[PDB]
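J.: Contents of my_file_23.pdb (PDB, C-alpha atoms) are given next:
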ATOM      1  CA  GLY A  11     -83.065  88.527  38.379  1.00  0.00           C
ATOM      2  CA  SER A  12     -86.311  89.310  40.188  1.00  0.00           C
ATOM      3  CA  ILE A  13     -87.688  91.905  37.778  1.00  0.00           C
ATOM      4  CA  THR A  14     -91.402  92.657  37.438  1.00  0.00           C
ATOM      5  CA  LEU A  15     -92.355  95.431  35.026  1.00  0.00           C
ATOM      6  CA  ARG A  16     -89.400  94.581  32.781  1.00  0.00           C
ATOM      7  CA  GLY A  17     -91.355  91.550  31.609  1.00  0.00           C
ATOM      8  CA  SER A  18     -94.447  93.447  30.546  1.00  0.00           C
ATOM      9  CA  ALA A  19     -92.213  96.277  29.374  1.00  0.00           C
ATOM     10  CA  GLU A  20     -90.438  93.737  27.192  1.00  0.00           C
ATOM     11  CA  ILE A  21     -93.556  92.782  25.280  1.00  0.00           C
ATOM     12  CA  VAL A  22     -94.968  96.290  25.616  1.00  0.00           C
ATOM     13  CA  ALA A  23     -91.688  97.651  24.257  1.00  0.00           C
ATOM     14  CA  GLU A  24     -91.459  95.331  21.273  1.00  0.00           C
ATOM     15  CA  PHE A  25     -95.231  95.657  20.953  1.00  0.00           C
ATOM     16  CA  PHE A  26     -95.137  99.419  20.649  1.00  0.00           C
ATOM     17  CA  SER A  27     -92.045  99.339  18.451  1.00  0.00           C
ATOM     18  CA  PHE A  28     -93.654  96.777  16.175  1.00  0.00           C
ATOM     19  CA  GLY A  29     -97.023  98.430  16.102  1.00  0.00           C
ATOM     20  CA  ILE A  30     -95.357 101.804  15.656  1.00  0.00           C
ATOM     21  CA  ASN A  31     -92.979 100.774  12.884  1.00  0.00           C
ATOM     22  CA  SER A  32     -95.914  99.241  11.043  1.00  0.00           C
ATOM     23  CA  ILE A  33     -97.691 102.598  11.471  1.00  0.00           C
ATOM     24  CA  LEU A  34     -95.058 104.392   9.452  1.00  0.00           C
ATOM     25  CA  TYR A  35     -95.412 101.936   6.582  1.00  0.00           C
ATOM     26  CA  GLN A  36     -99.187 101.993   6.835  1.00  0.00           C
ATOM     27  CA  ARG A  37     -99.043 105.784   6.978  1.00  0.00           C
ATOM     28  CA  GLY A  38     -96.051 106.793   4.879  1.00  0.00           C
ATOM     29  CA  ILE A  39     -93.569 108.520   7.154  1.00  0.00           C
ATOM     30  CA  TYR A  40     -90.665 107.430   4.902  1.00  0.00           C
ATOM     31  CA  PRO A  41     -89.593 105.351   1.823  1.00  0.00           C
ATOM     32  CA  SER A  42     -90.900 101.780   1.863  1.00  0.00           C
ATOM     33  CA  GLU A  43     -87.506 100.546   0.710  1.00  0.00           C
ATOM     34  CA  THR A  44     -86.439 100.846   4.368  1.00  0.00           C
ATOM     35  CA  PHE A  45     -88.774  98.288   6.039  1.00  0.00           C
ATOM     36  CA  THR A  46     -88.738  94.506   6.375  1.00  0.00           C
ATOM     37  CA  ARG A  47     -91.796  92.229   6.671  1.00  0.00           C
ATOM     38  CA  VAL A  48     -91.493  89.669   9.504  1.00  0.00           C
ATOM     39  CA  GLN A  49     -93.473  87.089  11.505  1.00  0.00           C
ATOM     40  CA  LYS A  50     -93.546  88.146  15.167  1.00  0.00           C
ATOM     41  CA  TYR A  51     -95.995  87.459  17.995  1.00  0.00           C
ATOM     42  CA  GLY A  52     -96.828  84.402  15.917  1.00  0.00           C
ATOM     43  CA  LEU A  53     -98.153  86.496  13.029  1.00  0.00           C
ATOM     44  CA  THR A  54     -96.757  88.534  10.137  1.00  0.00           C
ATOM     45  CA  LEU A  55     -95.833  92.135  10.907  1.00  0.00           C
ATOM     46  CA  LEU A  56     -93.543  94.569   9.186  1.00  0.00           C
ATOM     47  CA  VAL A  57     -90.535  96.349  10.694  1.00  0.00           C
ATOM     48  CA  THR A  58     -87.999  98.955   9.665  1.00  0.00           C
ATOM     49  CA  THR A  59     -84.248  99.247   9.994  1.00  0.00           C
ATOM     50  CA  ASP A  60     -84.280 103.051   9.779  1.00  0.00           C
ATOM     51  CA  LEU A  61     -81.344 104.223  11.898  1.00  0.00           C
ATOM     52  CA  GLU A  62     -82.684 107.747  12.420  1.00  0.00           C
ATOM     53  CA  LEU A  63     -86.080 106.356  13.392  1.00  0.00           C
ATOM     54  CA  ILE A  64     -84.518 103.518  15.369  1.00  0.00           C
ATOM     55  CA  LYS A  65     -82.643 106.299  17.143  1.00  0.00           C
ATOM     56  CA  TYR A  66     -85.901 108.177  17.681  1.00  0.00           C
ATOM     57  CA  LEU A  67     -87.662 105.143  19.117  1.00  0.00           C
ATOM     58  CA  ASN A  68     -84.489 104.151  20.965  1.00  0.00           C
ATOM     59  CA  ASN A  69     -84.662 107.298  23.073  1.00  0.00           C
ATOM     60  CA  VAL A  70     -88.404 106.812  23.398  1.00  0.00           C
ATOM     61  CA  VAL A  71     -88.106 103.162  24.399  1.00  0.00           C
ATOM     62  CA  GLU A  72     -85.128 103.852  26.661  1.00  0.00           C
ATOM     63  CA  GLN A  73     -86.964 106.613  28.503  1.00  0.00           C
ATOM     64  CA  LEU A  74     -90.335 104.911  28.046  1.00  0.00           C
ATOM     65  CA  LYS A  75     -88.923 102.463  30.544  1.00  0.00           C
ATOM     66  CA  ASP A  76     -87.068 104.962  32.730  1.00  0.00           C
ATOM     67  CA  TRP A  77     -89.410 107.945  32.420  1.00  0.00           C
ATOM     68  CA  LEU A  78     -92.669 106.101  31.675  1.00  0.00           C
ATOM     69  CA  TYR A  79     -92.271 102.762  33.507  1.00  0.00           C
ATOM     70  CA  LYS A  80     -90.957 104.705  36.496  1.00  0.00           C
ATOM     71  CA  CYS A  81     -94.036 106.950  36.496  1.00  0.00           C
ATOM     72  CA  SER A  82     -96.836 104.666  35.230  1.00  0.00           C
ATOM     73  CA  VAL A  83     -97.686 104.463  31.538  1.00  0.00           C
ATOM     74  CA  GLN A  84    -101.384 104.283  30.648  1.00  0.00           C
ATOM     75  CA  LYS A  85    -102.004 105.588  27.131  1.00  0.00           C
ATOM     76  CA  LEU A  86    -100.223 106.616  23.948  1.00  0.00           C
ATOM     77  CA  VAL A  87    -101.273 108.910  21.126  1.00  0.00           C
ATOM     78  CA  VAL A  88     -99.591 109.581  17.800  1.00  0.00           C
ATOM     79  CA  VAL A  89    -100.245 112.752  15.835  1.00  0.00           C
ATOM     80  CA  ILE A  90     -99.398 112.455  12.160  1.00  0.00           C
ATOM     81  CA  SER A  91     -99.751 115.552   9.954  1.00  0.00           C
ATOM     82  CA  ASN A  92     -98.905 116.177   6.294  1.00  0.00           C
ATOM     83  CA  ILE A  93     -95.775 118.319   6.148  1.00  0.00           C
ATOM     84  CA  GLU A  94     -96.344 119.397   2.538  1.00  0.00           C
ATOM     85  CA  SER A  95     -99.655 121.140   3.295  1.00  0.00           C
ATOM     86  CA  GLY A  96    -102.286 118.930   4.907  1.00  0.00           C
ATOM     87  CA  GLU A  97    -102.074 119.634   8.648  1.00  0.00           C
ATOM     88  CA  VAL A  98    -102.997 116.791  11.005  1.00  0.00           C
ATOM     89  CA  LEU A  99    -104.533 114.002   8.951  1.00  0.00           C
ATOM     90  CA  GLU A 100    -103.831 110.815  10.920  1.00  0.00           C
ATOM     91  CA  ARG A 101    -103.589 110.208  14.660  1.00  0.00           C
ATOM     92  CA  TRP A 102    -102.721 106.715  15.911  1.00  0.00           C
ATOM     93  CA  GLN A 103    -103.599 106.252  19.589  1.00  0.00           C
ATOM     94  CA  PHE A 104    -102.929 103.075  21.575  1.00  0.00           C
ATOM     95  CA  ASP A 105    -103.367 102.386  25.302  1.00  0.00           C
ATOM     96  CA  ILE A 106    -100.595 100.894  27.458  1.00  0.00           C
ATOM     97  CA  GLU A 107    -101.028  99.482  30.952  1.00  0.00           C
ATOM     98  CA  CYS A 108     -98.027  98.314  32.969  1.00  0.00           C
ATOM     99  CA  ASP A 109     -98.555  96.168  36.071  1.00  0.00           C
ATOM    100  CA  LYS A 110    -102.144  95.457  37.109  1.00  0.00           C
ATOM    101  CA  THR A 111    -102.116  94.499  40.790  1.00  0.00           C
ATOM    102  CA  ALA A 112     -99.581  91.725  41.380  1.00  0.00           C
ATOM    103  CA  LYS A 113     -97.826  92.349  44.695  1.00  0.00           C
ATOM    104  CA  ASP A 114     -97.654  88.560  45.056  1.00  0.00           C
ATOM    105  CA  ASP A 115     -94.973  87.979  42.422  1.00  0.00           C
ATOM    106  CA  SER A 116     -95.000  84.304  43.411  1.00  0.00           C
ATOM    107  CA  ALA A 117     -95.907  82.966  39.967  1.00  0.00           C
ATOM    108  CA  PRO A 118     -93.307  81.591  37.484  1.00  0.00           C
ATOM    109  CA  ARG A 119     -93.357  83.926  34.481  1.00  0.00           C
ATOM    110  CA  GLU A 120     -96.251  86.396  34.507  1.00  0.00           C
ATOM    111  CA  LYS A 121     -96.916  87.447  30.913  1.00  0.00           C
ATOM    112  CA  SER A 122     -99.664  86.543  28.443  1.00  0.00           C
ATOM    113  CA  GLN A 123     -98.326  85.912  24.947  1.00  0.00           C
ATOM    114  CA  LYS A 124    -101.310  84.111  23.403  1.00  0.00           C
ATOM    115  CA  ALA A 125    -103.776  86.854  24.311  1.00  0.00           C
ATOM    116  CA  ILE A 126    -100.968  89.119  23.172  1.00  0.00           C
ATOM    117  CA  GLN A 127    -100.755  87.457  19.758  1.00  0.00           C
ATOM    118  CA  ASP A 128    -104.448  88.175  19.283  1.00  0.00           C
ATOM    119  CA  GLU A 129    -104.095  91.855  20.150  1.00  0.00           C
ATOM    120  CA  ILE A 130    -100.850  92.366  18.262  1.00  0.00           C
ATOM    121  CA  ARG A 131    -102.455  90.390  15.444  1.00  0.00           C
ATOM    122  CA  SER A 132    -105.235  92.963  15.189  1.00  0.00           C
ATOM    123  CA  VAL A 133    -102.849  95.833  15.942  1.00  0.00           C
ATOM    124  CA  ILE A 134    -100.556  95.125  13.012  1.00  0.00           C
ATOM    125  CA  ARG A 135    -103.592  94.250  10.898  1.00  0.00           C
ATOM    126  CA  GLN A 136    -105.745  97.176  12.010  1.00  0.00           C
ATOM    127  CA  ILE A 137    -103.020  99.601  10.895  1.00  0.00           C
ATOM    128  CA  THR A 138    -102.578  97.926   7.512  1.00  0.00           C
ATOM    129  CA  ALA A 139    -106.293  97.145   7.326  1.00  0.00           C
ATOM    130  CA  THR A 140    -107.513 100.727   7.754  1.00  0.00           C
ATOM    131  CA  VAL A 141    -104.940 101.973   5.242  1.00  0.00           C
ATOM    132  CA  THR A 142    -106.447  99.750   2.564  1.00  0.00           C
ATOM    133  CA  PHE A 143    -109.755 101.142   3.800  1.00  0.00           C
ATOM    134  CA  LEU A 144    -108.416 104.628   3.023  1.00  0.00           C
ATOM    135  CA  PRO A 145    -108.597 106.102  -0.523  1.00  0.00           C
ATOM    136  CA  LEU A 146    -104.851 106.044  -1.206  1.00  0.00           C
ATOM    137  CA  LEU A 147    -102.370 108.057   0.867  1.00  0.00           C
ATOM    138  CA  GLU A 148     -98.628 108.692   1.210  1.00  0.00           C
ATOM    139  CA  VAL A 149     -97.506 112.157   2.315  1.00  0.00           C
ATOM    140  CA  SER A 150     -94.196 113.181   3.879  1.00  0.00           C
ATOM    141  CA  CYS A 151     -96.034 113.881   7.114  1.00  0.00           C
ATOM    142  CA  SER A 152     -94.574 114.819  10.461  1.00  0.00           C
ATOM    143  CA  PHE A 153     -94.695 112.774  13.641  1.00  0.00           C
ATOM    144  CA  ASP A 154     -95.990 113.549  17.116  1.00  0.00           C
ATOM    145  CA  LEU A 155     -95.603 110.991  19.897  1.00  0.00           C
ATOM    146  CA  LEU A 156     -97.909 111.322  22.873  1.00  0.00           C
ATOM    147  CA  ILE A 157     -97.631 109.592  26.243  1.00  0.00           C
ATOM    148  CA  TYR A 158    -100.369 109.385  28.910  1.00  0.00           C
ATOM    149  CA  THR A 159     -99.286 109.283  32.560  1.00  0.00           C
ATOM    150  CA  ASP A 160    -101.003 109.791  35.923  1.00  0.00           C
ATOM    151  CA  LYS A 161     -99.030 111.646  38.602  1.00  0.00           C
ATOM    152  CA  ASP A 162     -97.265 114.971  38.018  1.00  0.00           C
ATOM    153  CA  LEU A 163     -95.262 114.532  34.815  1.00  0.00           C
ATOM    154  CA  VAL A 164     -92.018 116.588  34.751  1.00  0.00           C
ATOM    155  CA  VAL A 165     -90.568 117.171  31.252  1.00  0.00           C
ATOM    156  CA  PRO A 166     -87.915 119.523  29.891  1.00  0.00           C
ATOM    157  CA  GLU A 167     -87.370 120.136  26.166  1.00  0.00           C
ATOM    158  CA  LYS A 168     -87.808 116.428  25.331  1.00  0.00           C
ATOM    159  CA  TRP A 169     -91.609 116.381  25.391  1.00  0.00           C
ATOM    160  CA  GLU A 170     -94.485 118.834  25.652  1.00  0.00           C
ATOM    161  CA  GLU A 171     -96.748 118.536  28.693  1.00  0.00           C
ATOM    162  CA  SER A 172    -100.315 118.530  27.382  1.00  0.00           C
ATOM    163  CA  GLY A 173    -102.240 116.232  25.014  1.00  0.00           C
ATOM    164  CA  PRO A 174    -105.822 117.659  25.130  1.00  0.00           C
ATOM    165  CA  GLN A 175    -105.022 119.254  21.756  1.00  0.00           C
ATOM    166  CA  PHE A 176    -107.093 116.295  20.470  1.00  0.00           C
ATOM    167  CA  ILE A 177    -106.390 117.433  16.884  1.00  0.00           C
ATOM    168  CA  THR A 178    -108.827 119.835  15.202  1.00  0.00           C
ATOM    169  CA  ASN A 179    -111.353 117.625  13.394  1.00  0.00           C
ATOM    170  CA  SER A 180    -110.834 113.863  13.084  1.00  0.00           C
ATOM    171  CA  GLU A 181    -112.866 110.718  13.776  1.00  0.00           C
ATOM    172  CA  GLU A 182    -111.597 108.061  16.181  1.00  0.00           C
ATOM    173  CA  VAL A 183    -112.451 104.417  15.521  1.00  0.00           C
ATOM    174  CA  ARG A 184    -111.865 101.555  17.951  1.00  0.00           C
ATOM    175  CA  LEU A 185    -110.110  98.450  16.643  1.00  0.00           C
ATOM    176  CA  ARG A 186    -109.357  96.145  19.580  1.00  0.00           C
ATOM    177  CA  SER A 187    -108.448  96.004  23.275  1.00  0.00           C
ATOM    178  CA  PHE A 188    -106.876  93.565  25.741  1.00  0.00           C
ATOM    179  CA  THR A 189    -106.574  93.559  29.534  1.00  0.00           C
ATOM    180  CA  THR A 190    -104.486  91.110  31.556  1.00  0.00           C
ATOM    181  CA  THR A 191    -103.633  90.927  35.257  1.00  0.00           C
ATOM    182  CA  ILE A 192    -100.091  91.877  34.207  1.00  0.00           C
ATOM    183  CA  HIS A 193    -100.906  94.567  31.621  1.00  0.00           C
ATOM    184  CA  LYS A 194    -103.569  96.059  29.342  1.00  0.00           C
ATOM    185  CA  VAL A 195    -103.168  97.271  25.752  1.00  0.00           C
ATOM    186  CA  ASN A 196    -105.869  99.093  23.786  1.00  0.00           C
ATOM    187  CA  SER A 197    -105.947 100.042  20.103  1.00  0.00           C
ATOM    188  CA  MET A 198    -107.817 102.853  18.350  1.00  0.00           C
ATOM    189  CA  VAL A 199    -106.871 105.015  15.364  1.00  0.00           C
ATOM    190  CA  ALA A 200    -108.319 108.303  14.133  1.00  0.00           C
ATOM    191  CA  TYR A 201    -107.976 110.292  10.907  1.00  0.00           C
ATOM    192  CA  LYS A 202    -109.065 113.698   9.597  1.00  0.00           C
ATOM    193  CA  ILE A 203    -112.800 113.764   8.901  1.00  0.00           C
ATOM    194  CA  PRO A 204    -113.750 114.882   5.348  1.00  0.00           C
ATOM    195  CA  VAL A 205    -116.514 117.351   4.495  1.00  0.00           C
ATOM    196  CA  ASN A 206    -115.124 120.525   6.065  1.00  0.00           C
ATOM    197  CA  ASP A 207    -117.849 122.683   4.522  1.00  0.00           C
TER     198      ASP A 207
ATOM    199  CA  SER B   1    -100.664 114.753  32.145  1.00  0.00           C
ATOM    200  CA  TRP B   2     -99.539 113.437  28.772  1.00  0.00           C
ATOM    201  CA  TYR B   3     -96.481 114.241  26.692  1.00  0.00           C
ATOM    202  CA  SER B   4     -96.008 115.641  23.232  1.00  0.00           C
ATOM    203  CA  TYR B   5     -92.978 114.461  21.248  1.00  0.00           C
ATOM    204  CA  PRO B   6     -91.765 116.786  18.428  1.00  0.00           C
ATOM    205  CA  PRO B   7     -90.801 115.514  14.938  1.00  0.00           C
ATOM    206  CA  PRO B   8     -87.419 115.710  13.118  1.00  0.00           C
ATOM    207  CA  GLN B   9     -86.154 118.771  11.244  1.00  0.00           C
ATOM    208  CA  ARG B  10     -83.975 118.065   8.207  1.00  0.00           C
TER     209      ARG B  10
END
Would you write out, as C-alpha cells, the structure that this file holds?

T.:
Amino acid sequence: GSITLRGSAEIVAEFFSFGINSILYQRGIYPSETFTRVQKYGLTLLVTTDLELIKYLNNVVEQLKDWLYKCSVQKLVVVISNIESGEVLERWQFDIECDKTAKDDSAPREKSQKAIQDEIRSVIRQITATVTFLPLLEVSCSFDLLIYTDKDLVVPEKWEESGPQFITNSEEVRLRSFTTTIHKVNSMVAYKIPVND
Amino acid sequence: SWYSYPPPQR
C-alpha cells in the first residue's frame, strides 16, 4: 500500500481515542468499572471497553477519517456539561493536524512516535493531572464533540455546523503542543470559571 | 466551520 494520511490518521486516531477515553474517566461520563488502565505510546494511559461509547467513537473515528481526513482536520473541541443541573462545566479541546506539506512521499515511514510519546504522555497526564487539580468532581454530564475544519463543511443530522458557542463562562488553560512535518497535535482544556457573582 | 456532536439520550 502507498497510503499517506492513513499513517498519521492511525496515530491520530488511536491518539484521540486514547486521549478521549481518558477524558471520560478524568471527567466522569460513566462508571469507572468500565475502563482499563494500559501502557500505550510508551506510557501508562487508561482506556474503556464501553460498547455504547466504543460505538459512538467508532462512528466518529470512521467518519473522522472519511469526513474529516477527506476534508482536512485541524482542531477538536469537547463540550462536557452536567446533565443533573450544572450546565457546561468542562470543555476539553485538542488540536489535530493531518499532513503538513509532504508531496515528496519518498521517505520510508513518515511518522514521529517519540515526539508523539511526549505529547500523548502529557495528554493522558494533563487530563488526569488537572482532575486532581480540581476540587472533586463526578457528574453524569453530557457530551459534545466538536470538529474544526477549513473548507465548506456539509453536515446533515450527524453534527451541528457551528462551534463559536465557546461555552458561556469558562477558562481555557494550555497544557502542551506538538508540530511535526507529518502532523501537529495541540492540547488545551477549559472548565467553568467560579465566582459568578 | 466546525461541527457539534450531540450526546446520547437514554

J.: Compile the contact shell of residue B:9 as a PyMOL selection string: residues with an atom at most 12 Å away, counting all atoms listed in the file, same-chain residues fewer than 2 positions apart removed.

T.: (chain A and resi 62+93+151-153) or (chain B and resi 6-7)

J.: Wanna dump the chain A-chain B contacts at 6 Å for me, each residue with its shortest atom pair and the distance in Å to one decimal, counting all atoms listed in the file, ordered by chain and number, as JSON lines?

T.:
{"residue": "A:152", "atom": "CA", "partner": "B:7", "partner_atom": "CA", "distance": 5.9}
{"residue": "A:153", "atom": "CA", "partner": "B:7", "partner_atom": "CA", "distance": 4.9}
{"residue": "A:154", "atom": "CA", "partner": "B:5", "partner_atom": "CA", "distance": 5.2}
{"residue": "A:155", "atom": "CA", "partner": "B:5", "partner_atom": "CA", "distance": 4.6}
{"residue": "A:156", "atom": "CA", "partner": "B:4", "partner_atom": "CA", "distance": 4.7}
{"residue": "A:157", "atom": "CA", "partner": "B:3", "partner_atom": "CA", "distance": 4.8}
{"residue": "A:158", "atom": "CA", "partner": "B:2", "partner_atom": "CA", "distance": 4.1}
{"residue": "A:159", "atom": "CA", "partner": "B:2", "partner_atom": "CA", "distance": 5.6}
{"residue": "A:169", "atom": "CA", "partner": "B:5", "partner_atom": "CA", "distance": 4.8}
{"residue": "A:170", "atom": "CA", "partner": "B:4", "partner_atom": "CA", "distance": 4.3}
{"residue": "A:171", "atom": "CA", "partner": "B:3", "partner_atom": "CA", "distance": 4.7}
{"residue": "A:172", "atom": "CA", "partner": "B:2", "partner_atom": "CA", "distance": 5.3}
{"residue": "A:173", "atom": "CA", "partner": "B:2", "partner_atom": "CA", "distance": 5.4}

J.: Grab the residues selected above and save them as a PDB file, in the coordinates of the input with C-alpha atoms.

T.:
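Output (result-v1.pdb):
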ATOM      1  CA  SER A 152     -94.574 114.819  10.461  1.00  0.00           C
ATOM      2  CA  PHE A 153     -94.695 112.774  13.641  1.00  0.00           C
ATOM      3  CA  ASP A 154     -95.990 113.549  17.116  1.00  0.00           C
ATOM      4  CA  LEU A 155     -95.603 110.991  19.897  1.00  0.00           C
ATOM      5  CA  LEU A 156     -97.909 111.322  22.873  1.00  0.00           C
ATOM      6  CA  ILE A 157     -97.631 109.592  26.243  1.00  0.00           C
ATOM      7  CA  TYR A 158    -100.369 109.385  28.910  1.00  0.00           C
ATOM      8  CA  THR A 159     -99.286 109.283  32.560  1.00  0.00           C
ATOM      9  CA  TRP A 169     -91.609 116.381  25.391  1.00  0.00           C
ATOM     10  CA  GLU A 170     -94.485 118.834  25.652  1.00  0.00           C
ATOM     11  CA  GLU A 171     -96.748 118.536  28.693  1.00  0.00           C
ATOM     12  CA  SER A 172    -100.315 118.530  27.382  1.00  0.00           C
ATOM     13  CA  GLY A 173    -102.240 116.232  25.014  1.00  0.00           C
TER      14      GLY A 173
END

J.: Please give the centre and size of the box around chain B (axis-aligned, containing every atom listed in the file, 5 Å added per side), with values in Å to one decimal and written as lines of an AutoDock Vina configuration file.

T.:
center_x = -92.3
center_y = 116.1
center_z = 20.2
size_x = 26.7
size_y = 15.3
size_z = 33.9

J.: Give me the residues within 10 Å of residue A:75 as JSON, numbers by chain, counting all atoms listed in the file and dropping any in the same chain fewer than 5 places off.

T.: {"A": [15, 16, 19, 20, 22, 23, 69, 70, 80, 81, 82, 83]}

J.: Extract, using only C-alpha atoms, all DNA, RNA and protein residues at most 9 Å from residue A:193, discarding same-chain residues fewer than 6 positions from it, and format them as a tab-separated table (two decimals) with C-alpha atoms, in the coordinates of the input.

T.:
chain	number	residue	atom	x	y	z
A	18	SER	CA	-94.45	93.45	30.55
A	22	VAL	CA	-94.97	96.29	25.62
A	106	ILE	CA	-100.60	100.89	27.46
A	107	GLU	CA	-101.03	99.48	30.95
A	108	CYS	CA	-98.03	98.31	32.97
A	109	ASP	CA	-98.56	96.17	36.07
A	110	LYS	CA	-102.14	95.46	37.11
A	121	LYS	CA	-96.92	87.45	30.91
A	122	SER	CA	-99.66	86.54	28.44

J.: One decimal, in Å: what's the spacing between atom CA of residue A:71 and atom CA of residue A:11?

T.: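 So the two atoms, atom CA of residue A:71 and atom CA of residue A:11, lie 20.9 Å apart.
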
J.: If you apply the PyMOL selection byres ((chain A and resi 104) around 8) to this file, what residues do you get, as an MDAnalysis selection string?

T.: chainID A and resid 85:87 102:103 105:106 195:199

J.: Exactly which residues make up the result of the PyMOL selection byres ((chain A and resi 141) around 12) on this file, given as a ChimeraX atom specification?

T.: /A:32-38,100,102,134-140,142-148,199-201
